[PDB]
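Here's the structure we're looking at; comments come further down.
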Ligand SMILES: COc1ccc(CC[C@H]2OC(=O)[C@@H]3CCCCN3C(=O)[C@@H](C3CCCCC3)NC(=O)C(C)(C)N(C)C(=O)COc3cccc2c3)cc1OC
């Protein structure tokens, strides 16, 4: 499945080069601009525990998810990952626990020491 292909083939997009955030581009975006630190970002997403049978279904797929990039409003992996995405891009991210919920997790849905998998679609961004 996609987590194994991303662990196998994914690009390391970390500063540390610890393969803690691994990326495969699923749909090539528009042009060359990526969102910048402090921009509002608008995405759709699907997340799961990387071992997980199905994507989590507990958010509205219609409504864009919105956050301010690089401001610690999301797990570290998203501040890293989304910054790399072109408008219209769909990417896969495979994330080690130190770029997600670490030792604490976030019970019940996210256990301690959880590796996560996302599909993200970058819809738009604005300064
Ligand atoms: C700076 O560090 C953090 C900042 C914010 C948080 C709160 C959780 C945060 O969730 C996320 O960052 C990620 C990525 C953005 C989409 C939602 N996130 C999820 O982890 C998913 C998760 C993926 C694994 C499968 C189970 C679900 N969570 C969600 O999809 C749900 C709907 C379950 N969830 C509670 C939220 O999306 C709550 O809304 C958020 C809004 C902003 C940031 C976070 C969550 C946690 C942080 O560190 C642990």
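In the entry's author numbering, the protein residues as written are 13 to 139. Heads up, the beta-carbon is just placed ideally off N, CA and C, and yes, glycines get one too.
Contact check, residue i vs residue j, beta carbons under 7 Å
{"i": "residue 18", "j": "residue 132", "result": "no"}
{"i": "residue 76", "j": "residue 135", "result": "yes"}
{"i": "residue 35", "j": "residue 105", "result": "yes"}
{"i": "residue 129", "j": "residue 62", "result": "yes"}
Supposed contact pair residue j and residue i - C-beta distance, whole angstroms, cut 8 Å
{"i": "residue 78", "j": "residue 60", "result": "Incorrect: roughly 21 Å between the Cβ atoms, too far for contact."}
{"i": "residue 88", "j": "residue 113", "result": "Contact flag wrong, Cβ pair sits at about 10 Å."}
{"i": "residue 80", "j": "residue 43", "result": "That belief does not hold up - the Cβ atoms of residue 80 and residue 43 are roughly 22 Å apart, past 8 Å."}
Nearest-angstrom Cα separation, counted from residue j out to residue i
{"i": "residue 95", "j": "residue 126", "result": "23 Å"}
{"i": "residue 99", "j": "residue 41", "result": "5 Å"}
Residue of the options minimising C-alpha distance to residue i
{"i": "residue 108", "options": "92, 68 and 74", "result": "92"}
{"i": "residue 47", "options": "83, 23 and 31", "result": "83"}
{"i": "residue 69", "options": "27, 16, 121 and 39", "result": "121"}
{"i": "residue 32", "options": "13, 23 and 65", "result": "23"}
{"i": "residue 16", "options": "64, 71, 118 and 73", "result": "64"}
>> Could you tell me which whole beta strand (DSSP E) segments of length 3 or greater appear in the segment 60–111?
In response: 77–80 and 102–107
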